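# Working through the structure, step by step
For reference, the chains in residue letters:
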Amino acid sequence: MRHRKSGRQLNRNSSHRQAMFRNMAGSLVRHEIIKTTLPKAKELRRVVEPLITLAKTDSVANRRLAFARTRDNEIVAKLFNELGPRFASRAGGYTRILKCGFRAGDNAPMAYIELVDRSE
Amino acid sequence: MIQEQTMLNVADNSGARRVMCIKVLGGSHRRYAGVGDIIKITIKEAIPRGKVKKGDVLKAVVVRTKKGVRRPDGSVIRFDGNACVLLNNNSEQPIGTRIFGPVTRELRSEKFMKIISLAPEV
Amino acid sequence: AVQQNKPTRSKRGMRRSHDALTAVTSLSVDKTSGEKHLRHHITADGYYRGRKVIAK
Amino acid sequence: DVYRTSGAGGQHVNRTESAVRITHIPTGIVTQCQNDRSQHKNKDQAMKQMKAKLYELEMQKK
RNA sequence: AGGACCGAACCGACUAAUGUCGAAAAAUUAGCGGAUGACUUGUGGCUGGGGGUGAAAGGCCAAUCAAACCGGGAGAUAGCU
RNA sequence: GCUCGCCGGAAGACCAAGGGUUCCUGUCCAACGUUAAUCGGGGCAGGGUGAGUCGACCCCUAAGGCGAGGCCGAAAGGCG
RNA sequence: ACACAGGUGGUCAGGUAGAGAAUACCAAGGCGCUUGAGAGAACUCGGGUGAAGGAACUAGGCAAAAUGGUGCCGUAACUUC
RNA sequence: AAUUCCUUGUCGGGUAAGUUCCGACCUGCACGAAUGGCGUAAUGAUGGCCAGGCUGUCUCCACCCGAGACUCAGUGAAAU
RNA sequence: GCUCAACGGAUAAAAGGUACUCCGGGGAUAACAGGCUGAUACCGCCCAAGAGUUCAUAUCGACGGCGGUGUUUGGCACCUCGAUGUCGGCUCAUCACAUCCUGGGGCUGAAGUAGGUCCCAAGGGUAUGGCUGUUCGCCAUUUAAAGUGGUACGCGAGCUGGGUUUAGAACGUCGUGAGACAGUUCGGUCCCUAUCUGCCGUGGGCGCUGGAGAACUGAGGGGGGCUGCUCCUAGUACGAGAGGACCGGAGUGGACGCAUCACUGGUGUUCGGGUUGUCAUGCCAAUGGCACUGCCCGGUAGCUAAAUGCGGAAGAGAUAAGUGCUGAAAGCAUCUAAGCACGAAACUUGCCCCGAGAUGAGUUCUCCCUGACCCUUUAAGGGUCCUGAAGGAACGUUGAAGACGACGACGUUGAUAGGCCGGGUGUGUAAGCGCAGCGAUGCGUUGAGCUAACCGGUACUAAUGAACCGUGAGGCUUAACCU
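About the cut-offs
- Numbering of residues starts from 1 on every chain and follows the written order of that chain's sequence, so it may differ from the entry's own numbering; residues lacking coordinates are omitted.
- Going through the entries in the order they are written, you letter the chains from A and number the ligands from 1.
- As shown, the structure covers only some chains of a larger assembly, and all values describe those chains.
- Hydrogens and waters are ignored; side-chain quantities use all the structure's heavy atoms.
- UniProt positions are given in the numbering used here, feature names are shortened, and annotations may be inferred rather than shown by experiment.
- Every residue pair with non-hydrogen atoms within 4.5 Å of one another is taken to be in contact.
- What gets called buried area is simply the loss in accessible area from a 1.4 Å probe that two parts show on being joined, summed for both.
- Salt bridges are counted wherever a side-chain nitrogen of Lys or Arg sits within 4 Å of a carboxyl oxygen of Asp or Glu.
- Distance and chemistry together define a polar contact, namely a pair of N or O atoms within 3.5 Å, with one atom able to donate a hydrogen and the other to accept it when in protein, and with adjacent residues in sequence counting only for side-chain atoms on both sides.
- Counting from the N terminus, the helices are the DSSP runs of H or I reaching at least four residues and the strands are the DSSP runs of E reaching at least two.
- Residues are grouped as follows: nonpolar covers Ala, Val, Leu, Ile, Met, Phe, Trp, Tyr, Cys and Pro; charged covers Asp, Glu, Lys and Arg; every other residue, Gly included, is treated as polar.
- Take the residue count of a helix, subtract one, and multiply by 1.5 Å to get its expected span.
- Partly exposed describes any residue whose relative accessible area lies between the buried limit of under 20% and the exposed limit of over 50%, with all areas from a 1.4 Å probe on protein chains only and scaled to the type maximum.

Per the PDB record, the structure was determined using cryo-EM to 3.3 Å resolution.

Chain D is annotated in the PDB entry as Peptide chain release factor RF2 from Escherichia coli. Its official PDB title, as written in the record, is "70S termination complex with RF2 bound to the UGA codon. Non-rotated ribosome with RF2 bound (Structure II)".

As recorded in the PDB entry, chain C goes by the name 50S ribosomal protein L32, listed as coming from Escherichia coli. According to the UniProt record, the Sequence similarities comment for chain C is "Belongs to the bacterial ribosomal protein bL32 family."

The following block contains the structure:
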């Protein structure tokens, strides 16, 4: 009965769910801020942050894993050269969660997830 | 873990080959039979020149189970295949003399001292 | 399965007794903006606790 | 022994009919009689065959 | 060569489940039968109500068949409701 | 616009049948769409269909229909 | 009757593996099926796995499971050969 | 017997146990020779019965992945 | 005079089938169930010779008699034919004892052990399969025992549809034929989202006469209530030998219930790896997508069982059948009539859970609130402004909590959740590179690399300060205590 379990299903099968956050993670590091549903955002943190943790330690193998996941060269271009460098001191918690309001379509709790830095 | 309709291999030179559990003795509506339990079985397969033939109903004591038994330390003894030793339904005494395999320490209940003494291992 | 008799308007009203919506009472003005926004929610202009974090 | 049996139909009916079954332990013979439609008389006609069957066992041992 | 075999398209409809105010006024899903023949299918014709057609069930004849639909006898008759 | 997923002897691209402007463009959002709609096969207005070689029409026939005279049948009408 | 999981004749129908128009992944091209967002109870439907035993279930091995391809070896009773 | 009421008839086999099954007897209620009789290889989405393989059908159920179910926002029935 | 078969004669000319059926009606009239009755069935008593070794009271008990039960088959049509729409099985049950076991006793022709019959007792338990459509029954193997019935022959708006009852077909028999049957034999749609009552859970409101946060008493209610074997006592008592107790104690199993993942396993489509076909990143390499997770092999946390612990009481009071004591009515006898003592898994408690809505609304502990005006039906009044505490709620991070609520933790006065660090655990020698080899590939670097829910720490992120609800000493009467 979900005792001590973890990870939200989000009404999607594993394949779709995994591909979902993979696509979302890439779009996150591209604009540094995206508007999505609260539940979805709370689970996005468990994906992007581990990647940023892998960006702090540059190498050849990590870049392959950074490509293994997210499957995009544009992302690895932004990573290891922008984030990793400017997030060396930050000990975890690279993402901020801000609750915007409610979607006017289906009345879903919309939230603005952005990178803690976002200097501009 | 030997219930009804369970085929078992013989671990004695009684002439039998394969038997089948038709009723696990013990309590009322007892499900399984451990290693140290008695079960009424029938002979579904035997050898030509034997002291017992196919179609006989007699008691038999289990000796080897795939489920195995546990020890007071929590360790188990998993076997490979199910084996049993034939007895005399009325006297409960073993029929054959030779035992073709190892047994468990649990049979040391004095009621089956012959089985332990005739066992090659354990 | 269906109703054996027609439920009166009385039973109908009593059933909707716990269907009345609740209020909000969680209003709060921003420190800098002062706009009445929801508690724990950012303002319309993108403000929060005195910071236009959205710049929208 | 008294036990029931089903019947025929045509649409949805359910007609249960009783049958008598006498058992003689000393001989193991079992005689049933569904000839009549009255428990008592069926038992009697069963006893008719029961006594008759027992009478035949006498002639064979004779 | 084969009313031969295995097996798609195509035709059909044995089993099970779902469905039963269904997505659907007999379908879907997963397995099945035939699959060069007594095969299947498109287009246009012919046979019609106590007659048509029928590898014959009394089955089909525009979702309606031990007797189609429409109009008229006809506001039939009704010891019954 | 950038990614993700699905079909791919089809959920693709063309004709006949059959519907009948549903095609394109501008514009509007009450009604219609099983939700919202600045969107649409929705309302309104304008516009689009160009053939000696494609098809029909045309010439020639099949099953079969009609059928001058003719035969038959109360009449209708039937066969030819 | 509907913007309905149905029905509707003919033509073209590629690359890799493959006997194949099966099938799996893709091309050209076309769509994500016109309500969604959370939750992750019982229970229902569609599926996966399972200790030991192996039909003991039941009207019945229904359903599931299992077997499954090519080459070669080998193959009984019976027979209309 | 797809036919046998009495009847699960009586013996053989098959199972630990077999009202069904496979041979036999003949006491054929009420088989019978184109209302065809007795057999018969092959064939059969055919009826009945065993054996092996095989498995959650079952002893005995447990867990997990999806679509509903439950909550929220929009729309919004039906039998009775 | 024919002729009126049915003889007030429908004219004096007139046989059947339908389960393909159809229409109009009936519980006026049948089948299932219910109702009344209780012939029959079942059960229990009364007298009784005899059978029986002597003796019926050790039972049985012929020949006859009197009643109860409403479990059988029937009798009567009271209820329903503008529907009460099924036999059996599965699941789930619940009640009555005329008890199958276990328990407490009387008698014996029960020596012993072990049985037979009768009395008391419903607490709890009251099998697994082969054949059949099965109720039933037969057989096999158990067990302490495998009880008898009621409950629409319990339960089909819970399932199945095997039997039997729709339409197809075949065989025997009967009929001239349609078709039929004390017949049997293949194939044959089980519809419905729960308004009310009820039941299993869970909340909102208000009330408890001041408000609030906790801890309990405890009426009352429910759950739980089975039992075998082995040894000991003692191989004693009894006994001719063979056999072989009561009582009390210890140990160990079967079924059942509760709880729990530490152990052995299952699962673990969020972890690691292998590998087939194919597509893409320009190619190799390395990876990702897809094909049930593509197919597979292992696996953490959880959940879970086949796994691991625990329970059933003992005891107490009052009784049943029964054994009694004393003892008169009746100078004796006698358990009873006064009085007194033992006496069952049964009754009330003892064990566990719920529980003050027990409106009869309890008790205890703690905390907080003691401002001016008016109108005044002069009221437990209402309104304005000033005050609004204790605490709660809202919102937020979430939970081994959870359908939604509710409940628990925390809210920077910080470890609630996520991230991060370390380690654990699982998986098995990554990538890149160097060397060897014709190559596939291997070796070294390396038990490395990668690690979801696990554990110990860290405020980097998000839990904002405040606002909102909630108030201003709590009526009357009487009595007891201080002025």
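Counting residues at the interface gives nine residues for chain A and eight residues for chain C. Both faces combined, the contact of chain A with chain C buries some 750 Å², and carbon together with sulfur accounts for 62% of it. Among the residues of chain A in contact with chain C, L98, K99 and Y112 of chain A are the three that bury the most area, contributing 56% of the side total. One can count zero salt bridges joining chain A with chain C. Our count for the contact surface shared by chain A and chain C stands at one residue pair in polar contact. Elements supplying a minimum of two residues to the side of chain A that touches chain C: β2 (95-102) and β3 (109-115) of chain A. With five residues, β2 of chain A is the largest single contributor of residues to the side of chain A that touches chain C. Across the side of chain A that touches chain C, the residue classes tally to four nonpolar, one polar and four charged.

Residue and element names in this part refer to chain D. Here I22 shows up in strand β2 (residues 17-24). Between the alpha carbons of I22 and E56 there is a distance of 16 Å; along the sequence they are 34 residues apart. If near-sequence neighbours (up to four positions away) are discounted, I22 is found in contact with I29, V30, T31, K43, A46, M47 and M50.

Another aspect to go through is helix α1 (residues 39-61) of chain D. Residues spaced three or four apart along an α-helix face the same direction, because each turn holds 3.6 residues. Residue and element names in this part refer to chain D. With 23 residues, α1 extends 33 Å from end C-alpha to end C-alpha; this agrees with the ideal 33 Å at 1.5 Å per step. Among all positions in α1, only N42, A46 and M50 are buried. Those residues of α1 that are buried are in contact with β2 and β3 (29-33).

On to the arrangement of the chains. For the non-touching pair chain B and chain D, the nearest C-alpha separation works out to 26 Å. With no contact formed, the shortest span from any C-alpha in chain C to any C-alpha in chain D equals 24 Å.

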